[PDB]
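> Pasting a structure below so you can have a look.
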Amino acid sequence: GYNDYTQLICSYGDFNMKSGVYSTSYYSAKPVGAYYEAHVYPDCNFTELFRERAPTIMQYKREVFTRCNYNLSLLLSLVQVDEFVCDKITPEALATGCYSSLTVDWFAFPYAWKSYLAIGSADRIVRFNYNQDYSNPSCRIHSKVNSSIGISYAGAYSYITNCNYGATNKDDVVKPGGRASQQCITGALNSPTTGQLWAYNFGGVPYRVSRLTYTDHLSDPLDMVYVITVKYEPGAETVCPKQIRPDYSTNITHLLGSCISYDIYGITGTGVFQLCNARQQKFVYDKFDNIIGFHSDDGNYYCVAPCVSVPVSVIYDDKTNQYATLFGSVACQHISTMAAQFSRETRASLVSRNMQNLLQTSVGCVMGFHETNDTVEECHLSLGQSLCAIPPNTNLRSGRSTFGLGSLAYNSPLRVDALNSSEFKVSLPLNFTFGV
Amino acid sequence: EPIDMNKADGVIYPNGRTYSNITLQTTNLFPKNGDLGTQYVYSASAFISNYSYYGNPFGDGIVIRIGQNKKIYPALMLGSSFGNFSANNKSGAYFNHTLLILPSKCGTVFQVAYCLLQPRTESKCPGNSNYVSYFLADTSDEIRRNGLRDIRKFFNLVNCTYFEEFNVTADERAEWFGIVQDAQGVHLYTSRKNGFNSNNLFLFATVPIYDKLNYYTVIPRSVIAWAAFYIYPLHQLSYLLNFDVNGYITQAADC
Amino acid sequence: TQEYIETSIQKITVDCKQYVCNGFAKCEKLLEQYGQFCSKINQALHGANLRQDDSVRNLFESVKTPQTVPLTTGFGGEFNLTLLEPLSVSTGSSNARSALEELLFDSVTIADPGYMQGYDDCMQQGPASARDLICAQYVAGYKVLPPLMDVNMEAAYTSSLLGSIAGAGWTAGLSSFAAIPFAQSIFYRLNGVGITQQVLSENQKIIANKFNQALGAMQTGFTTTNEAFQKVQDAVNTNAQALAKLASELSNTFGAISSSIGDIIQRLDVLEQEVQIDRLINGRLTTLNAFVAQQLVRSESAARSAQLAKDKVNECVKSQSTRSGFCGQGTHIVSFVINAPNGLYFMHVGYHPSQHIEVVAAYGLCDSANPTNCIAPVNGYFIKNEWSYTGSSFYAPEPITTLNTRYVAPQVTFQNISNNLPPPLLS
Amino acid sequence: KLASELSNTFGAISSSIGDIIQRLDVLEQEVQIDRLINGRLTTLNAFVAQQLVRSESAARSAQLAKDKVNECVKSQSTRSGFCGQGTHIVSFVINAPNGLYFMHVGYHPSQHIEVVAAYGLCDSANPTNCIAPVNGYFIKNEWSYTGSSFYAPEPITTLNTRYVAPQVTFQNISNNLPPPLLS
Amino acid sequence: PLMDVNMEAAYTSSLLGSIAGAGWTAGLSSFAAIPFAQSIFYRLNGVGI
Amino acid sequence: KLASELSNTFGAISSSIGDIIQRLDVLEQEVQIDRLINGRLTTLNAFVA
Ligand SMILES: *[C@@H]1O[C@H](CO)[C@@H](O[C@@H]2O[C@H](CO)[C@@H](O)[C@H](O)[C@H]2NC(C)=O)[C@H](O)[C@H]1NC(C)=O
Ligand SMILES: *[C@@H]1O[C@H](CO)[C@@H](O[C@@H]2O[C@H](CO)[C@@H](O)[C@H](O)[C@H]2NC(C)=O)[C@H](O)[C@H]1NC(C)=O
Ligand SMILES: *[C@@H]1O[C@H](CO)[C@@H](O[C@@H]2O[C@H](CO)[C@@H](O)[C@H](O)[C@H]2NC(C)=O)[C@H](O)[C@H]1NC(C)=O
Ligand SMILES: *[C@@H]1O[C@H](CO)[C@@H](O[C@@H]2O[C@H](CO)[C@@H](O)[C@H](O)[C@H]2NC(C)=O)[C@H](O)[C@H]1NC(C)=O
Ligand SMILES: *[C@@H]1O[C@H](CO)[C@@H](O[C@@H]2O[C@H](CO)[C@@H](O)[C@H](O)[C@H]2NC(C)=O)[C@H](O)[C@H]1NC(C)=O
Ligand SMILES: *[C@@H]1O[C@H](CO)[C@@H](O[C@@H]2O[C@H](CO)[C@@H](O)[C@H](O)[C@H]2NC(C)=O)[C@H](O)[C@H]1NC(C)=O
Ligand SMILES: CCCCC/C=C\C/C=C\CCCCCCCC(=O)O
Ligand SMILES: *[C@@H]1O[C@H](CO)[C@@H](O)[C@H](O)[C@H]1NC(C)=O
Ligand SMILES: *[C@@H]1O[C@H](CO)[C@@H](O)[C@H](O)[C@H]1NC(C)=O
Ligand SMILES: *[C@@H]1O[C@H](CO)[C@@H](O)[C@H](O)[C@H]1NC(C)=O
Ligand SMILES: *[C@@H]1O[C@H](CO)[C@@H](O)[C@H](O)[C@H]1NC(C)=O
Ligand SMILES: *[C@@H]1O[C@H](CO)[C@@H](O)[C@H](O)[C@H]1NC(C)=O
Ligand SMILES: *[C@@H]1O[C@H](CO)[C@@H](O)[C@H](O)[C@H]1NC(C)=O
Ligand SMILES: *[C@@H]1O[C@H](CO)[C@@H](O)[C@H](O)[C@H]1NC(C)=O
Ligand SMILES: *[C@@H]1O[C@H](CO)[C@@H](O)[C@H](O)[C@H]1NC(C)=O
Ligand SMILES: *[C@@H]1O[C@H](CO)[C@@H](O)[C@H](O)[C@H]1NC(C)=O
């Protein structure tokens with residue numbers, strides 16, 4: 001990241017290399033600023049979760065949150081977490097980032113029965129009462145809620161132990177992300193507490209249901225289970241935290257042209273933003289799913305590139321140790337805006353600009369060259385399109401020297417004119433030589 | 001009026017990103033090609049069919065082709081349990097919470113409600129043994145909820161959790177509508193985005209229904225053929241989708 | 001006969017560190033668990049591109065043509081070669097690409113990247129479906145290198161080869177160069193394969209017309225019914241397919257929770273993101289290694305085809321080839337070569353007999369009074385109805401002279417004639 | 001590319017099995033050892049594929065060397081550009097590491113001149129008696145024969161001409177006749 | 001590599017010993033012990049000098 | 001090669017998708033099935049090359 005020569009040396013993994021034109025990776029591009037743009041929505045309302053009667057696991061309560069801004073720092077102070085089991089997320093990841101939906105399923109459940117909700121369990125509680133989805137990033141937490149928060153437990157807290165129907169006694173299991181059917185609920189709500197399999201007939205089909213209660217396993221620090229499932233759908237993000245990220249700036253006009261880390265609508269990445277002229281959507285994608293632009297809140301369209309995007313080639317000769325840069329397929333009037341992304345000496349050359357450096361060729365903008373008319377037959381420093389680089393005759397210890405540009409003349413063979421008559425012309429050798 | 005994949009009939013647009021000029025292979029809820037659906041006709045000469053006796057299975061979801069290939073909107077009743085009414089043996093009773101989609105006014109205002117349907121003990125009402133059927137019968141803003149007025153003469157609607165209203169502008173062209181239930185609730189899809197040919201279903205509402213819907217009935221209507229809408233089921237099918245320049249699905253392949 | 005030979009592979013350099021990791025330090029630290037991968041990929045791609053340019057330089061060294069006749073509007077005389085001649089010597093611009101080269105390039109969908117201001121264009125225009133492969137160079141992290149020689153220089157080499165076709169191969173050795181006209185070279189080539197000078201002088205306008213129709217039938221020859229045109233198109237499509245395989249692989253999660261490092265870092269703790277980034281890194285390394293292996297195989301194929309094109313040029317364009325089937329069907333007369341996308345396009349004209357007749361011929365003729373004096377024909381037969389001479393490539397019964405016979409040893413199979421002796425057999 | 005990727009961990013905690021075994025429990029070391037096995041298996045498969053493609057290229061080059069030995073070092077080539085530029089005179093082959101080294105000696109002109117030549121000469125008294133050069137040209141001074149690879153005019157004799165059918169392009173000569181054309 | 005440099009050099013030397021012959025006249029069955037200078041002069045004569 | 005590399009477990013508990021689905025829970029099914037998928041993709045890619 002000091003020179004283009006040092007970036008050429010760090011790639012290819014050696015110091016003593018031969019002459020040639022090499023493709024060079026970047027080593028001095030770091031994110032400087034930070035940008036954050038997200039929509040503001042009215043706050044999510046979590047009163048039903050913590051300030052009402054605790055739901056029963058047989059008929060648990062589900063609430064789906066959409067187009068609201070939450071605050072996890074307040075929610076975690078009202079509970080004492082005993083154990084959290086997250087699938088493809090973390091609570092630190094739940095405190096950040098935008099979702100399309102936020103589903104919370106909560107019910108009252110004793111803390112001694114964690115094994116009955118673990119994945120792979122074969123008990124009646126998973127089979128007939130609550131089956132977790134496990135197809136979206138979800139985290140199930142076990143918490144104790146104080147009675148001073150507003151939670152309460154009353155009535156009977158029961159769970160279905162068996163629910164089968166029909167003449168073949170087919171078990172009415174619970175699909176993942178589902179609840180017990182209304183037939184099982186109606187059979188349970190008349191079923192005895194002790195756990196006797198009574199028989200009923202709902203809608204012409206025999207049904208049998210048994211239940212058991214756990215209302216005597218609940219105390220004043222009421223044990224509660226909160227299952228939080230999020231969904232990710234880019235271009236449809238609605239639930240984001242009230243807290244804006246701390247470093248970030250909310251104005252992009254002073255960060256244009258520099259590699260910044262952006263958190264625009266729950267997605268994180270690094271890139272360079274530049275204003276460009278070219279709306280059924282906010283983000284703009286290419287054919288290969290790479291965001292190439294976005295529409296801002298004001299009237300402006302910033303097309304975003306990756307942090308490194310300009311192809312850089314280094315022309316180097318092992319004798320005299322000189323080097324030069326080739327910015328491939330890019331105009332010379334655009335390099336001075338993207339400078340911060342190059343090496344330190346190249347950045348120091350483009351800032352405080354001297355236009356002697358930048359020459360525009362048919363293969364891109366070159367640096368460290370001078371225009372010449374001399375042509376060479378051998379081409380060891382080919383730039384393509386019949387251009388060869390003529391290395392200087394001064395070594396690097398005496399100071400940097402410029403390369404020569406434009407070479408590869410035609411052989412121009414000897415011309416014999418046709419008489420176009422009865423006779424013709426022949427080109428015969430007077431002298432000869434032997435070549436091997 | 002069968003499903004045609006080359007016209008992309010009944011395909012649901014993927015939620016979120018707008019795809020453009022690429023082909024996409026998805027396996028998601030889609031109408032099966034060649035399905036004729038079930039034709040429902042509202043008379044206009046009051047005069048109804050027995051559409052309230054069926055209790056068709058909901059399955060994964062349904063899609064509806066409304067109007068041309070008079071444009072009278074459908075009325076729907078979705079629920080979890082289906083059975084007979086008491087003391088008359090007549091089918092059509094929906095137990096527990098029941099989703100109602102009622103096209104009030106002339107099809108310009110919609111009522112969506114999710115609540116119990118308690119029969120009334122009056123003559124020609126359910127539970128009276130004079131029962132035949134329930135139906136919806138068709139300036140200042142009091143008939144904006146007249147479909148609700150017709151449906152509350154037969155049922156009490158006593159404990160109601162969700163209620164919303166939607167404004168749609170009057171038109172006569174083709175239109176689609178779809179209902180899909182997942183773990184986030186009941187998703188209502190429509191093709192009212194009206195961009196270019198359209199005929200693609202986009203999400204526009206979500207009802208917080210967490211009980212599994214197992215049945216749907218078509219509420220009979222009478223205005224005093226003149227009405228034809230076809231209800232096609234949805235299946236978990238592999239499809240191949242073609243997006244055009246504007247970003248709409250033009251071709252489909254049933255795979 | 002039209003034949004396409006693909007003498008090259010696209011030169012592609014890939015920024016390995018940017019491709020595998022999107023600038024994240026954690027990914028670049030986890031990449032060190034797979035060794036110096038990026039250095040090896042960079043060295044392999046550099047070696048492949050350097051060998052490709054060396055092959056191109058050697059192939060065009062075999063088109064040296066040390067002497068040439070300058071091209072003029074009148075070339076071939078009655079024979080029409082304005083299709084093959086440079087556009088500079090024809091009407092208009094000083095470019096050397098012939099009308100056939102322009103017609104061949106204009107009828108093949110190339111989607112030129114633009115080596116001067118490709119970045120800037122890709123920035124100004126929005127998303128598309130025809131230039132998105134070109135615009136993926138600056139997003140995915142690769143680059144398509146320009147060819148070693150400009151199209152003007154390749155057209156200059158082809159034009160200099162065209163001007164040297166008639167004179168080369170006139171006599172023994174390659175040292176001299178005659179400046180004979182194209183029509184005389186064609187007539188001598190037709191005479192060498194067994195057509196009498198009497199037939200050539202009598203039927204010269206018919207021969208010129210047949211050659212003109214054969215060369216002018218290629219105006220509509222660049223259609224979907226032409227096999228070599230489809231070879232050009234599918235070579236271009238194969239290069240585009242390899243490029244599209246380089247992209248569209250960063251969109252693959254490879255079993256991770258997302259296709260991007262930033263989401264994995266944000267959504268997971270510090271221990272699980274190591275294995276997720278390892279999954280993504282393994283996917284990217286598999287893609288890069290597959291691309292490099294494919295590049296090596298295509299380089300081997302391009303080297304083989306470059307050797308084949310060198311013989312085709314040295315054997316058929318620069319001289320008449322008497323070996324069967326090497327350059328087209330029938331009897332080879334003259335072959336032309338132009339520049340095709342990533343290769344060379346060859347056109348071999350051939351002598352095809354439209355009609356055949358059957359006639360009794362003899363091995364040779366002896367004398368009854370002098371059985372040790374026998375003759376055999378050169379480049380022809382001794383056809384009956386006594387015996388006359390034919391050309392062995394065109395039916396024209398002509399009197400036997402010493403200009404078409406040779407004195408050979410007597411054989412049992414030779415026929416004996418007593419009256420109406422040929423002038424070779426007299427005395 | 002075989003001894004270098006034995007030092008890679010391939011995502012495991014170590015590049016060796018001996019310390020993976022002794023640092024982890026029996027269930028947790030199976031995945032680490034399997035990661036090392038997968039990495040070394042991909043390395044070996046890549047090496048075998050590279051060996052196959054290199055053997056294909058070596059077979060192609062062996063066929064080329066077989067054809068080139070039988071044509072140029074064992075005989076006069078008389079083929080343009082196949083065995084060096086210019087006209088091929090003599091070639092030699094010596095052994096090189098993993099192949100053969102060829103040296104093709106060729107005849108190269110250094111200075112050229114342009115003279116006026118004829119397709120052949122005929123006699124005006126006998127139009128049916130016409131000659132042509134065999135390995136050279138009829139260059140004009142009246143007319144002389146020369147070689148096709150060296151400029152040295154010589155008198156026209158019967159050992160460098162051959163009788164041909166008359167044509168229109170043949171120059172008429174009636175003042176001085178070459179010995180083939182004289183009667 | 002299956003062969004010692006001695007053997008390979010023996011093959012190359014034997015090939016060098018038969019440069020002047022083995023192609024003096026049509027057919028490959030005969031061999032002429034022609035001096036190298038005479039073979040070179042005959043090859044130059046066949047080239048067109 | 002194609003016939004025989006379908007019997008390999010590739011580090012999974014089984015060489016069959018059905019046994020992995022039956023024996024393990026849904027979180028581990030996607031982990032172990034991806035081990036079979038990756039091996040079969042490797043086999044097909046090697047065959048095509
Ligand atoms: C959050 O939800 C609770 C209950 O769901 C809301 O509390 C209700 O508020 C209305 C009017 O504010 C009262 O009429 C009800 O009696 C309240 N019910 C209960 C159970 O408290 C609360 O208002 C909501 N928060 C916000 C900000 O809207
Ligand atoms: C998110 O919730 C936390 C906790 O309720 C808020 O932190 C409180 O902020 C107020 C305002 O100064 C203080 O008076 C409290 O003492 C804070 N409580 C704690 C526990 O720190 C925080 O402000 C909320 N975030 C937002 C954006 O409102
Ligand atoms: C679902 O609906 C059924 C039928 O409407 C309800 O069952 C009724 O429950 C009440 C309360 O005990 C009884 O008086 C009725 O006799 C029952 N009817 C039948 C047909 O059994 C059931 O309670 C509902 N489920 C709920 C509300 O969760
Ligand atoms: C309509 O909702 C009310 C409110 O929940 C229900 O009244 C409850 O009924 C249950 C069962 O009889 C009692 O245990 C509760 O104490 C009642 N609560 C109140 C506030 O009265 C009523 O049953 C519902 N009606 C129907 C038909 O389901
Ligand atoms: C043409 O005449 C020659 C004789 O000059 C015939 O050749 C002879 O055939 C006899 C057959 O018994 C042999 O014994 C002689 O040795 C042959 N002589 C020569 C010189 O070949 C020849 O067969 C005759 N041609 C035909 C077609 O009959
Ligand atoms: C050499 O003489 C011959 C015989 O006169 C010429 O051949 C004739 O040329 C004229 C015109 O050039 C033609 O009209 C005749 O048809 C030719 N006769 C034959 C039999 O071909 C020949 O052209 C003369 N050479 C030159 C260079 O003029
Ligand atoms: C497998 C039956 C044969 C072996 C029987 C021997 C001992 C059985 C005792 C308890 C069986 C429990 C097995 C699963 C334990 C977790 C149950 C759950 O919470 O999911
Ligand atoms: C619940 O709140 C009361 C009221 O201050 C407090 O005394 C008690 O300690 C709290 N419970 C717990 C577990 O902290
Ligand atoms: C961002 O900064 C620019 C700098 O001139 C200013 O004009 C603009 O109003 C700012 N936008 C804000 C603060 O939203
Ligand atoms: C937008 O287009 C105008 C031409 O009308 C041009 O002057 C301007 O520079 C363009 N803006 C950008 C960001 O390229
Ligand atoms: C190179 O050639 C151009 C062509 O006109 C000329 O203008 C220029 O001065 C030349 N440069 C040098 C250094 O001679
Ligand atoms: C509805 O009416 C049709 C018409 O006769 C009849 O076939 C069908 O059985 C009826 N369905 C009922 C009564 O459920
Ligand atoms: C409704 O009643 C009919 C006959 O009266 C019976 O066949 C049918 O099963 C009943 N339906 C239900 C759901 O009980
Ligand atoms: C409805 O069916 C039940 C079941 O048989 C019967 O008891 C009842 O009388 C029927 N109602 C009428 C009105 O017939
Ligand atoms: C529907 O239209 C009525 C009448 O203009 C209006 O009062 C109501 O707010 C509208 N509803 C929505 C959701 O826009
Ligand atoms: C969309 O794809 C078609 C396919 O030919 C193409 O013609 C058209 O230009 C593309 N449009 C865009 C905006 O990429």
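Ordering of the structure tokens sets the chain letters (A, B, ...), residue numbers begin anew at 1 in every chain, and ligands are numbered from 1 in the order given.
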Could the residues of chain E within 12 Å of chain A, counting only C-alpha atoms, be given as a PyMOL selection string, please?
chain E and resi 44+48-49
> Could you please extract the residues within 8 Å of ligand 6, counting only C-alpha atoms and all ligand atoms, and hand them back as number ranges by chain?
A: 422-423; D: 122-124, 127, 166-173
> Filtering to C-alpha atoms, could you give me those residues as a compact mmCIF listing (two decimals), in the first residue's frame?

# COMPACT_ATOMS: atom_id res chain seq x y z
CA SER A 422 3.18 -9.56 -71.26
CA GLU A 423 6.33 -9.54 -69.10
CA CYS D 122 9.09 -18.79 -78.87
CA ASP D 123 10.53 -18.52 -82.32
CA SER D 124 8.79 -16.31 -84.91
CA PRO D 127 5.54 -20.60 -83.54
CA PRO D 166 2.74 -22.21 -77.28
CA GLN D 167 0.90 -19.39 -75.52
CA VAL D 168 0.10 -15.73 -76.09
CA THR D 169 2.29 -14.36 -73.27
CA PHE D 170 5.47 -15.85 -74.78
CA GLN D 171 7.85 -13.21 -76.12
CA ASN D 172 8.66 -13.32 -79.83
CA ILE D 173 12.37 -13.43 -80.66
> Run DSSP on the backbone and tell me which residues of segment 58-221 of chain B come out as strand (DSSP E); list them as a ChimeraX atom specification.
/B:61-66,76-84,91-104,109-115,136-137,160-167,175-182,185-190,202-207,215-218,221
> Using only C-alpha atoms and all ligand atoms, find each residue with an atom at most 12 Å away from ligand 14 and format the answer as JSON, numbers by chain.
{"A": [203, 204], "B": [83, 84, 85, 86, 87, 88, 89, 90, 91, 126, 127, 128, 129, 130, 131]}
> In Å, with one decimal, what is the gap from atom CA of residue 11 of chain E to atom CA of residue 84 of chain D?
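Taking atom CA of residue 11 of chain E and atom CA of residue 84 of chain D, their separation equals 23.5 Å.
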> What's the 12 Å shell around residue 14 of chain C, counting only C-alpha atoms, without same-chain residues fewer than 4 positions away, as number ranges by chain?
A: 11, 22-25, 309, 311-313; C: 18-20, 38-46, 49, 136-145, 243, 246-247, 287-289, 291-292
> Excluding residue 46 of chain E and its own-chain neighbours fewer than 4 positions away, which residues fall within 9 Å of it when counting only C-alpha atoms? Please give them as an MDAnalysis selection string.
(chainID C and resid 172:173) or (chainID D and resid 135) or (chainID E and resid 41:42)
> Between atom CA of residue 171 of chain C and atom CA of residue 31 of chain E, what is the spacing in Å?
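Rounded to one decimal, the two atoms are 28.9 Å apart.
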> What gap, in Å, lies between atom CA of residue 1 of chain F and atom CA of residue 38 of chain D?
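Taking atom CA of residue 1 of chain F and atom CA of residue 38 of chain D, their separation equals 17.6 Å.
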> Write out as a PyMOL selection string each polymer residue whose atoms come within 6 Å of segment 102-113 of chain B, counting only C-alpha atoms; drop sequence neighbours fewer than 3 positions from it.
chain B and resi 73+75+99+143-147+162-169
> Those residues you just picked out, can you put them in a file as a PDB file, in the first residue's frame with C-alpha atoms?

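As written to disk, part34.pdb reads:
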ATOM      1  CA  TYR B  73     -67.018  -8.605  -7.210  1.00  0.00           C
ATOM      2  CA  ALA B  75     -68.154 -12.195  -1.521  1.00  0.00           C
ATOM      3  CA  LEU B  99     -63.206 -14.244   8.029  1.00  0.00           C
ATOM      4  CA  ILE B 143     -74.270   2.529   1.927  1.00  0.00           C
ATOM      5  CA  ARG B 144     -70.474   2.308   2.221  1.00  0.00           C
ATOM      6  CA  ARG B 145     -71.133  -0.514   4.723  1.00  0.00           C
ATOM      7  CA  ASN B 146     -74.325  -1.935   3.206  1.00  0.00           C
ATOM      8  CA  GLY B 147     -72.767  -5.358   2.630  1.00  0.00           C
ATOM      9  CA  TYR B 162     -59.911  -7.228  13.117  1.00  0.00           C
ATOM     10  CA  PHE B 163     -61.820  -4.856  10.858  1.00  0.00           C
ATOM     11  CA  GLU B 164     -60.575  -2.805   7.975  1.00  0.00           C
ATOM     12  CA  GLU B 165     -61.867  -1.036   4.865  1.00  0.00           C
ATOM     13  CA  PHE B 166     -60.342  -0.695   1.410  1.00  0.00           C
ATOM     14  CA  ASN B 167     -61.146   1.744  -1.396  1.00  0.00           C
ATOM     15  CA  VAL B 168     -61.012   0.465  -4.976  1.00  0.00           C
ATOM     16  CA  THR B 169     -61.879   2.576  -8.007  1.00  0.00           C
TER      17      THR B 169
END
> For ligand 7, return the neighbouring residues as a list in words (distance at most 6 Å; only C-alpha atoms and all ligand atoms).
residues 115, 116, 121, 122 and 123 of chain A
> Can you tell me which residues surround residue 147 of chain D at a distance of at most 10 Å, considering only C-alpha atoms, apart from same-chain residues fewer than 6 positions away, and format the answer as number ranges by chain?
A: 428-429; C: 171-173, 176; D: 133-139, 153-154, 160; E: 45, 47-49
> Would you kindly return, as a PyMOL selection string, each protein, DNA or RNA residue with an atom no farther than 7 Å from any atom of residue 244 of chain B, considering only C-alpha atoms and excluding same-chain residues fewer than 5 positions away?
chain B and resi 20-21+249-250
> Could you list, as a list in words, all protein and nucleic acid residues with an atom at most 7 Å from ligand 3, counting only C-alpha atoms and all ligand atoms?
residues 182, 185, 186 and 202 of chain A; 95 and 96 of chain B
> With N, CA, C and O atoms kept, could you save the residues just selected as an mmCIF file, in the first residue's frame?

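result.cif, written as the output of this step:
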data_model
loop_
_atom_site.group_PDB
_atom_site.id
_atom_site.type_symbol
_atom_site.label_atom_id
_atom_site.label_comp_id
_atom_site.auth_asym_id
_atom_site.auth_seq_id
_atom_site.Cartn_x
_atom_site.Cartn_y
_atom_site.Cartn_z
ATOM 1 N N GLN A 182 -59.001 -26.251 16.655
ATOM 2 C CA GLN A 182 -60.102 -25.860 17.531
ATOM 3 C C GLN A 182 -60.834 -27.064 18.106
ATOM 4 O O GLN A 182 -61.420 -26.971 19.191
ATOM 5 N N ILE A 185 -58.824 -28.021 21.161
ATOM 6 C CA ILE A 185 -59.049 -27.030 22.214
ATOM 7 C C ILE A 185 -60.406 -27.238 22.870
ATOM 8 O O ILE A 185 -60.532 -27.184 24.101
ATOM 9 N N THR A 186 -61.445 -27.468 22.063
ATOM 10 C CA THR A 186 -62.783 -27.667 22.608
ATOM 11 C C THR A 186 -62.872 -28.970 23.393
ATOM 12 O O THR A 186 -63.570 -29.041 24.410
ATOM 13 N N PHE A 202 -67.152 -33.722 17.436
ATOM 14 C CA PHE A 202 -67.207 -32.396 16.831
ATOM 15 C C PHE A 202 -67.412 -32.542 15.328
ATOM 16 O O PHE A 202 -66.516 -33.005 14.618
ATOM 17 N N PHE B 95 -68.111 -22.249 12.374
ATOM 18 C CA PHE B 95 -67.898 -22.179 13.810
ATOM 19 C C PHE B 95 -66.613 -21.427 14.121
ATOM 20 O O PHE B 95 -65.705 -21.343 13.289
ATOM 21 N N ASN B 96 -66.564 -20.863 15.325
ATOM 22 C CA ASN B 96 -65.442 -20.090 15.878
ATOM 23 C C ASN B 96 -65.246 -18.846 15.009
ATOM 24 O O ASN B 96 -66.197 -18.359 14.385
#
> How would you write, as a PyMOL selection string, the set of residues no farther than 9 Å from ligand 9 when counting only C-alpha atoms and all ligand atoms?
chain A and resi 250-254+298
> How would you write, as a ChimeraX atom specification, the set of residues no farther than 7 Å from ligand 5 when counting only C-alpha atoms and all ligand atoms?
/C:366,368,371-372,410-416
